[PDB]
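> Attaching a single structure in structure tokens format; questions to follow.
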Amino acid sequence: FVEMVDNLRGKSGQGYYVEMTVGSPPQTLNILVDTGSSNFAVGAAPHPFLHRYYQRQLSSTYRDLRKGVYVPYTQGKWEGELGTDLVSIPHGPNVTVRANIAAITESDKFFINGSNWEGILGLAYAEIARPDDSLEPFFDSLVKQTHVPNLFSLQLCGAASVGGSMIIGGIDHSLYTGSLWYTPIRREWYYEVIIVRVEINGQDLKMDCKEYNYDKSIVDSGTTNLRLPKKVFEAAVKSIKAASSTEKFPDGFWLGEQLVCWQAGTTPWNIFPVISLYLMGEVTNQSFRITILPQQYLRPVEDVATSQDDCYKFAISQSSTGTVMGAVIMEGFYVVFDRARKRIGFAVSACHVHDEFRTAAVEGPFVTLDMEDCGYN
Ligand SMILES: Nc1ncccc1NCc1cccc(-c2ccc3cc[nH]c3c2)c1
């Protein structure tokens, strides 16, 4: 799958995108890769932030579905017109499929001024598709119409410009070290998993594990942060804060309201502890654990126009909707979305940022009892 290695690009904090073509003749677009949504939606009018947009009028193969979509979210939205057309991935499998496309005709706070992408590829399942679950997501159409195996894998690197690989239809062993360990996909809507234990340097919050997954935990390449429920977030930073004394810095920093700054290269990684999540394993009472470094959750902030220093944002935050294993998590690992077997694979990424000290790890088996009690119902 060397064809596909390095087929993702991005800017720090602006997500990862892949090149796609739509219509006949093919229109090239850059498309955000999003495992936390299930719509394929592309800019189709000259919004000023956009380099490119889908021009349905230039496509023999376009077909109007004569139905609209309206996708609200916090302080923004997009809406568009549904049709279908022929879609392909130049640096992906050598196939063309007819997929649903939401032609985005209006949006607020969706596209990013200065970004190099023009749409979004929702890689999650039908259940959370808009307007409803009869709108077949792209990957379901791909698997259904070709001989591409029902899985994909992501290696998100990054360290302005980020980069990565999306392997469609398989796994590439050059992208990771050691062994893949798999957690079950609890239900096919989001890529929902179950966290059964969290340790913040070697010490668990010793809280009810039902709290780590209230009301969801998910794997989501379209979120930057590790995002933890309040109740867990509280305990979480309470522990990282106390871990990171002999260090010294504010109160709003931890609430992601104010960035922290050191002088070029003076960042003390090591007063911050590693963070380990234990995921339900494939076998009864068996777990495994993934361990991320401060460099994963302390991410460089790009355009600090009022500074020329070494400034980071704390990449953890609270949620009403559950745990979100965003890019902070994913960038330390090769992640296999093994849809065929309803499970997600984690291995140490061949491209993650380590040092000669500590390193992102994937380790098991551990013995963990009553893991199924950690799921919220
Ligand atoms: N992945 C995801 N998680 C939670 C809510 C929505 C969601 N995806 C749909 C969505 C909606 C609005 C904005 C974005 C989005 C815009 C820009 C960027 C840059 C990096 N990631 C994003 C996500 C995604």
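Residue numbering restarts at 1 in every chain; chains get A, B, ... in the order shown in the structure tokens, and ligands count up from 1 in that same order.
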Would you please extract all strand (DSSP E or B) residues from range 47-207 of chain A, as assigned by DSSP on the backbone, and give them as an NGL selection string?
:A and (63-73 or 76-88 or 96-108 or 119-122 or 152-156 or 161-168 or 176-184 or 188 or 191-192 or 195-199 or 204)
> To check your reading of the model: which residues sit at most 9 Å from ligand 1 when counting only C-alpha atoms and all ligand atoms? Write the answer as number ranges by chain.
A: 10-16, 32-39, 71-74, 76-78, 109-112, 115, 120, 122, 220-224, 324, 326
> Next, dump the selected residues to file, keeping only N, CA and C atoms, as a short mmCIF file (atom, residue, chain, number, x, y, z; two decimals), in the first residue's frame.

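Writing done, so here's selection.cif:
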```cif
data_model
loop_
_atom_site.label_atom_id
_atom_site.label_comp_id
_atom_site.auth_asym_id
_atom_site.auth_seq_id
_atom_site.Cartn_x
_atom_site.Cartn_y
_atom_site.Cartn_z
N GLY A 10 -1.92 18.41 6.27
CA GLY A 10 -2.64 19.26 7.21
C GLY A 10 -1.80 20.40 7.73
N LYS A 11 -2.40 21.21 8.59
CA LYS A 11 -1.70 22.22 9.34
C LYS A 11 -2.04 21.93 10.79
N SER A 12 -1.12 22.24 11.70
CA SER A 12 -1.33 21.97 13.13
C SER A 12 -2.64 22.57 13.62
N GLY A 13 -3.55 21.71 14.07
CA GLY A 13 -4.85 22.15 14.59
C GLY A 13 -5.98 22.29 13.56
N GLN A 14 -5.64 22.30 12.27
CA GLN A 14 -6.63 22.40 11.20
C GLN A 14 -7.01 21.03 10.59
N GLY A 15 -6.73 19.93 11.28
CA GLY A 15 -7.12 18.57 10.82
C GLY A 15 -6.26 17.97 9.71
N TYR A 16 -6.54 16.71 9.37
CA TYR A 16 -5.84 16.00 8.28
C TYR A 16 -6.76 15.80 7.10
N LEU A 32 -11.18 16.77 4.50
CA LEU A 32 -10.88 16.45 5.89
C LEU A 32 -11.30 15.01 6.22
N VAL A 33 -10.40 14.25 6.82
CA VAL A 33 -10.63 12.86 7.18
C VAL A 33 -11.19 12.76 8.61
N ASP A 34 -12.45 12.33 8.75
CA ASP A 34 -13.16 12.45 10.03
C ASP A 34 -13.84 11.17 10.47
N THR A 35 -13.24 10.48 11.45
CA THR A 35 -13.84 9.24 11.94
C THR A 35 -14.96 9.52 12.94
N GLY A 36 -15.23 10.79 13.25
CA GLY A 36 -16.32 11.14 14.18
C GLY A 36 -17.63 11.63 13.55
N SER A 37 -17.75 11.49 12.24
CA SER A 37 -18.97 11.84 11.53
C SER A 37 -19.14 10.90 10.36
N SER A 38 -20.32 10.93 9.74
CA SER A 38 -20.67 9.98 8.67
C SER A 38 -21.17 10.61 7.37
N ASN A 39 -21.05 11.93 7.21
CA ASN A 39 -21.39 12.58 5.93
C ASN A 39 -20.16 12.91 5.12
N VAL A 71 -27.03 20.73 8.92
CA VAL A 71 -26.20 20.15 9.97
C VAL A 71 -25.70 21.22 10.95
N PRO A 72 -26.47 21.47 12.02
CA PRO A 72 -26.05 22.43 13.03
C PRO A 72 -25.05 21.83 14.00
N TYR A 73 -24.32 22.70 14.68
CA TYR A 73 -23.43 22.30 15.77
C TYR A 73 -23.20 23.54 16.64
N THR A 74 -22.31 23.48 17.63
CA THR A 74 -22.16 24.62 18.55
C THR A 74 -21.51 25.85 17.85
N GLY A 76 -22.18 27.10 14.99
CA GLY A 76 -22.10 27.03 13.53
C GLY A 76 -22.99 25.99 12.87
N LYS A 77 -22.79 25.81 11.57
CA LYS A 77 -23.56 24.88 10.77
C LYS A 77 -22.98 24.73 9.37
N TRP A 78 -23.40 23.69 8.67
CA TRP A 78 -23.45 23.72 7.23
C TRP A 78 -24.76 23.13 6.76
N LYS A 109 -19.04 29.21 10.43
CA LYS A 109 -17.94 28.73 11.28
C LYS A 109 -17.59 27.26 11.01
N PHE A 110 -17.67 26.84 9.74
CA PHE A 110 -17.28 25.49 9.35
C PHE A 110 -15.90 25.48 8.71
N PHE A 111 -15.76 26.15 7.57
CA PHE A 111 -14.47 26.24 6.89
C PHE A 111 -13.56 27.20 7.64
N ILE A 112 -12.26 26.96 7.52
CA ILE A 112 -11.24 27.71 8.24
C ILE A 112 -10.53 28.62 7.27
N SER A 115 -7.14 27.59 5.37
CA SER A 115 -6.95 26.15 5.29
C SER A 115 -6.89 25.68 3.86
N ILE A 120 -15.44 17.46 3.86
CA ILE A 120 -15.25 16.54 4.97
C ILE A 120 -15.68 15.12 4.57
N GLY A 122 -16.85 11.79 6.29
CA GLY A 122 -17.31 11.15 7.47
C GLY A 122 -17.17 9.66 7.31
N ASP A 220 -11.72 9.70 17.23
CA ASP A 220 -12.22 10.81 16.41
C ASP A 220 -11.08 11.65 15.87
N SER A 221 -10.73 11.39 14.61
CA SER A 221 -9.66 12.09 13.93
C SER A 221 -9.98 13.55 13.58
N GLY A 222 -11.23 13.96 13.73
CA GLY A 222 -11.61 15.34 13.46
C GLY A 222 -11.60 16.24 14.69
N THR A 223 -11.32 15.67 15.87
CA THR A 223 -11.09 16.45 17.10
C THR A 223 -9.59 16.51 17.37
N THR A 224 -9.09 17.67 17.76
CA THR A 224 -7.67 17.79 18.11
C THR A 224 -7.36 17.22 19.50
N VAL A 324 -13.22 11.77 24.17
CA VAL A 324 -12.88 11.90 22.77
C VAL A 324 -11.41 11.68 22.65
N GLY A 326 -8.99 12.18 20.40
CA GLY A 326 -8.70 12.94 19.20
C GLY A 326 -7.27 12.74 18.77
#
```
> Neighbours of residue 318 in chain A within 10 Å (only C-alpha atoms; same-chain residues fewer than 5 positions away dropped), as a compact mmCIF listing (two decimals) with C-alpha atoms, in the first residue's frame?

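Full text of result_29.txt as output:
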```
# COMPACT_ATOMS: atom_id res chain seq x y z
CA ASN A 225 -7.94 17.25 21.87
CA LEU A 226 -7.99 14.41 24.28
CA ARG A 227 -11.33 15.32 25.76
CA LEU A 228 -12.39 13.86 29.13
CA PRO A 229 -15.72 14.05 30.99
CA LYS A 230 -15.83 16.85 33.61
CA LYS A 231 -15.92 14.49 36.55
CA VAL A 232 -12.91 12.59 35.09
CA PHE A 233 -11.28 15.75 33.66
CA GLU A 234 -11.36 17.28 37.16
CA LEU A 255 -9.30 25.17 31.43
CA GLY A 256 -7.76 25.93 27.98
CA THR A 323 -14.34 10.84 26.11
CA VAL A 324 -12.88 11.90 22.77
```
> As number ranges by chain, which residues of range 95-275 of chain A does DSSP assign to helix (DSSP H, G or I)?
A: 126-128, 138-145, 173-175, 209-213, 230-243, 269-271
> May I ask which of the residues A:135, A:156, A:261, A:198 is the closest one to residue 287 in chain A, counting only C-alpha atoms?
A:198
> Of the candidates A:48, A:119, A:131, A:92, which one gets nearest to residue 69 in chain A if we count only C-alpha atoms?
A:131
> Of the candidates A:277, A:336, A:218, A:361, which one gets nearest to residue 186 in chain A if we count only C-alpha atoms?
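Comparing A:277, A:336, A:218, A:361 against residue 186 in chain A, the winner is A:218.
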> When distances are computed from only C-alpha atoms, which of A:160, A:180, A:276, A:333 shows the smallest separation from residue 301 in chain A?
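Selected residue with least distance to residue 301 in chain A: A:160.
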